[PDB]
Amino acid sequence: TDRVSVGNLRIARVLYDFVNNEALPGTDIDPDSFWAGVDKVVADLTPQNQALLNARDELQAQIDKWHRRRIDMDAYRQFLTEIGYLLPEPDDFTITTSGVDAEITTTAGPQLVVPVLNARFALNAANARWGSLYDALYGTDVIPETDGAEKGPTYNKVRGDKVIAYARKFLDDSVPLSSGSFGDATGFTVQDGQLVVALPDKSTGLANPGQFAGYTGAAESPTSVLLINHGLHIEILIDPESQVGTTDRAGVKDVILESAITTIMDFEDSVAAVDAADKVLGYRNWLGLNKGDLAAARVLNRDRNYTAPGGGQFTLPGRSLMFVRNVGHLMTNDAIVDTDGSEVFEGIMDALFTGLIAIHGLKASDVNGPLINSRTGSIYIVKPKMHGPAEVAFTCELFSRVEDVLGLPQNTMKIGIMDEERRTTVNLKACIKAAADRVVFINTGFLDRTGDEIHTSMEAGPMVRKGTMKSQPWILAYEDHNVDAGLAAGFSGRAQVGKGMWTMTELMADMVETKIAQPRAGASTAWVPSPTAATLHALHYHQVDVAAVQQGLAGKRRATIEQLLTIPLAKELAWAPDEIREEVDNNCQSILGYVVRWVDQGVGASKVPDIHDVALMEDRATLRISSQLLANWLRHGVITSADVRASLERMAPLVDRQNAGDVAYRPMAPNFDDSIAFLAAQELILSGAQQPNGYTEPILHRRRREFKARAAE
């Protein structure tokens, strides 16, 4: 209820007040003009937005019928071409985007993704540009807790020594000495622009003196030594009076790594935001981060100060350069409605509002606030779930029109193309071309892209199990195809090529062991769930020369269209009944475990124990893959209707028990039919086949609004 009328728009009062009183001031944009701009952009671009969404449904309908009238890959591919799903590949080109920050064009390193509605997590992320290696090693299972090195209420010095040793070895691998090991260092000095390291006998310098990047304190006895490797900084904090430094052979207190080079503040799959009040909380946090005054009861960090090897001062950034992830093209939100009572497209709103807010981040002031995000004056929006190059061109048009409403130079709002839909994958080169002057980023993932995969080929037959999907031909070609297209479009030295998220937040040893594969595959960046994970993952960019990898990959075409189009159908008699049961339970607990927190508590990302009590931090896309898989098995009679109900009922109390220790929690068992969460989870499965491209948000947003409305009394 209660709205402000502006032309054809009926704007929720809370939103209206927030923009005028909080967002607009300092931007020198006339409030009346802004709202007219909103009304106009919305009226003009809404039909297009709708036209694209209808085109998806049409395409999917044809693909459905085709499968029902049957596999001949040659005919399939020709069909996709005929219906305008597979478009012709454009001639080679190089992107032209300008005014892009160094964090994106040149530096390879970790990238954090955080739900914007959580100010605490958002604050930590922005400050995770720099992280303590010691804390990360000590706090996680990277250092085993075995030989007397278990963690306790108090500091364990045996475990500390292992941390130190691990770090000492890292230094050896990253910034090697001409002779000897950092392990035996006793002191650090700066003699004539050159870092001397004191060993017991002799005293050496860096193998490459070029890696010596600066220091703090007196050259004769620095308080820290700054190093650089593969563009990433390493700070050795020296302090013999500290407890840790006291026992260190060279007085070293800590090793600090440049960690999360960039961060994505997320308005999409990691948050639950189903109405106007929610969007405002989200927008307000975004405002604070760009104002640079967001804080919790604690602040955002300022740049760091150093001394060049041969005297003189310099400075380095102290915050993670921020992107924002807008919602995609599909959903509407009641934050604004029309005179007929039709909700306005949420993506259109996000562009306008997140873009307005981001103006503050281009300026250091007192009306705009103290801390600056982008130094070149770009706004970095990541756009999810686009299908095909027309939808990309549409996003760029939206951005262009928003830039006019905001009075920003054209091409200010950069785009990060997420490759997570089949129709974007197979037309990827064309998608990048459609954004050739705005694009700063492409990336791959597992959850959404597989959900689309399952849904697109829904009628073709039963898919393989979810675990199996990570090793299927289509996804391996997809991963490699992404890297190839970016590099072919000239991304190396111009834009990020990213890869997916490590979801197992407690298995850091495993992450350190395996996630190295991503930069080895030429990814200039990849997702981590926490600041701690960003610090650990930063080790990989030290061990791997991403720029060299990309250069060596140049011109290769490692994935074919046939490979991309290889549908992940299961072979005959693939599974025993126990395996089927295990897969169903797996997916049902996955849905119930994530849905219960989303619907009941408005939580979009958290450590959710899986069926075997492994902690996984996933976003909403987990629902899409899980629900589509079950819907597929349901459709082709792998499982009956009884089967699915029995599983949800078995898994509900287990999820109930898994949330013990949360006072806010309300059990779903034993009264399932009275549980809005249980029903939401059941619906996502039973109606899964009929949701557009398998998306979960229509069901979810509806059930969360229903829960919130039941809670209104």
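In case it trips you up, residue 1 is the first one in the sequence shown, and so on. By rigid core we mean the largest C-alpha set that fits within 1.5 Å across both forms.
Undergrad: Output the stretch, either 302-310 or 229-237, that has more C-alpha displacement from this form in 6 other deposited structures of this protein following superposition by the rigid core.
TA: Greater root mean square C-alpha distance in 6 other deposited structures of this protein: 302-310.
Undergrad: Which stretch is more displaced from the shown form in 6 other deposited structures of this protein, 444-452 or 73-81, with RMS over structures and residues of Cα positions after a rigid core fit?
TA: When 444-452 and 73-81 are compared in 6 other deposited structures of this protein, 444-452 lies farther out.
Undergrad: Hey, does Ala250 show up as a hole in at least a third of the other compared models?
TA: Looking at the other entries that model residues on either side of it, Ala250 is present in every one.
Undergrad: Among other entries of this protein with both neighbours modelled, does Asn368 go without coordinates in a third or more of them?
TA: Result for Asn368: often missing, at least a third of the compared entries.
Undergrad: Are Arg70 and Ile71 truly consecutive in the deposited sequence, or are residues between them missing coordinates? Give the number as none, 1 to 3, 4 to 9, or 10 or more.
TA: Per the deposited record, the segment joining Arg70 and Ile71 lacks coordinates for 4 to 9 residues.
Undergrad: Can you say how many deposited residues have no coordinates in the span between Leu573 and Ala574, choosing none, 1 to 3, 4 to 9, or 10 or more?
TA: Missing residues, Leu573 to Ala574: none.
Undergrad: With respect to the recorded C-alpha B factors, which stretch has the higher mean value, 215-223 or 100-108?
TA: Looking at the record's C-alpha B-factors, the answer is 215-223.
Undergrad: Comparing 4-12 with 704-712, where is the mean C-alpha B-factor higher?
TA: Comparing 4-12 with 704-712, the higher mean C-alpha B-factor belongs to 704-712.
Undergrad: In terms of recorded Cα temperature factor, pick the maximum from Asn632, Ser342, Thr505, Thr535.
TA: Across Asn632, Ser342, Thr505, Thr535, the entry lists the biggest C-alpha B-factor for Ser342.
Undergrad: Which of these, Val439, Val402, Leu316, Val382, has its C-alpha atom at the highest B-factor, as the entry lists it?
TA: Answer for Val439, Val402, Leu316, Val382: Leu316, with the highest C-alpha B-factor.
Undergrad: Would you please rank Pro577 by its C-alpha temperature factor against the other modelled residues of its chain and give the third it falls in: lowest, middle or highest?
TA: Tercile = highest for this residue's CA B-factor.
Undergrad: Could you place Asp192 in the lowest, middle or highest third of its chain by Cα temperature factor, using the values in the record?
TA: Highest third of the chain for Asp192's C-alpha B-factor.
Undergrad: Going by the entry, which third of its chain does the Cα temperature factor of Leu53 land in?
TA: Within its chain, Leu53 is a lowest-third residue by C-alpha B-factor, going by the deposited values.
Undergrad: Pull the Cα B-factor of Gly231 out of the PDB entry and bin it into the chain's lowest, middle or highest third.
TA: Its C-alpha B-factor belongs to the middle third of this chain's values.
Undergrad: Based on the deposited C-alpha B factors for this chain, I'd like to know if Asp545 is in the lowest, middle or highest third.
TA: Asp545: CA B-factor falls in the middle third of its chain.
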